[PDB]
Every structure is written in C-alpha cells, then in structure tokens.
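Here's the structure, in structure tokens; my notes come after.
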Amino acid sequence: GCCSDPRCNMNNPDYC
C-alpha cells in the first residue's frame with residue numbers, strides 16, 4: 001500500500 005510514504009504508512013499500521 002504505502003511503504004514509501006511514511007504518512008500513509010503510519011495511517012495504516014497493520015499494513016505497509
């Protein structure tokens with residue numbers, strides 16, 4: 001999903 005964007009990444013802790 002969002003491994004490069006840390007914001008999107010932190011928004012969805014269960015996934016990358």
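Residue numbering restarts at 1 in every chain; chains get A, B, ... in the order shown in the structure tokens, and ligands count up from 1 in that same order.
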
Name the residues in contact with residue 1 in chain A at a cut-off of 8 Å, using only C-alpha atoms, excluding same-chain residues fewer than 5 positions from it; report them as a PyMOL selection string. chain A and resi 9+15-16

Selected residues, C-alpha atoms, written as a PDB file, in the first residue's frame, please.
```pdb
ATOM      1  CA  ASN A   9       2.278   4.094   6.241  1.00  0.00           C
ATOM      2  CA  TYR A  15      -0.098  -2.847   6.551  1.00  0.00           C
ATOM      3  CA  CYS A  16       2.690  -1.480   4.530  1.00  0.00           C
TER       4      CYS A  16
END
```

Run DSSP on the backbone and grab whatever in chain A lands in helix (DSSP H, G or I); send it over as an MDAnalysis selection string. chainID A and resid 6:11

Suppose we keep N, CA and C atoms; can you now write the selection as a PDB file, in the first residue's frame?
```pdb
ATOM      1  N   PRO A   6       5.656   7.635   4.444  1.00  0.00           N
ATOM      2  CA  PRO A   6       5.594   7.344   5.871  1.00  0.00           C
ATOM      3  C   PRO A   6       4.281   7.790   6.502  1.00  0.00           C
ATOM      4  N   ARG A   7       3.620   8.749   5.888  1.00  0.00           N
ATOM      5  CA  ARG A   7       2.380   9.256   6.416  1.00  0.00           C
ATOM      6  C   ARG A   7       1.287   8.258   6.197  1.00  0.00           C
ATOM      7  N   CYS A   8       1.160   7.810   4.963  1.00  0.00           N
ATOM      8  CA  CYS A   8       0.183   6.802   4.593  1.00  0.00           C
ATOM      9  C   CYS A   8       0.480   5.512   5.367  1.00  0.00           C
ATOM     10  N   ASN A   9       1.774   5.259   5.537  1.00  0.00           N
ATOM     11  CA  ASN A   9       2.278   4.094   6.241  1.00  0.00           C
ATOM     12  C   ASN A   9       1.856   4.111   7.704  1.00  0.00           C
ATOM     13  N   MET A  10       2.057   5.237   8.366  1.00  0.00           N
ATOM     14  CA  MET A  10       1.674   5.374   9.762  1.00  0.00           C
ATOM     15  C   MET A  10       0.169   5.413   9.940  1.00  0.00           C
ATOM     16  N   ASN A  11      -0.550   5.873   8.921  1.00  0.00           N
ATOM     17  CA  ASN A  11      -2.014   5.894   8.984  1.00  0.00           C
ATOM     18  C   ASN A  11      -2.558   4.482   9.012  1.00  0.00           C
TER      19      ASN A  11
END
```
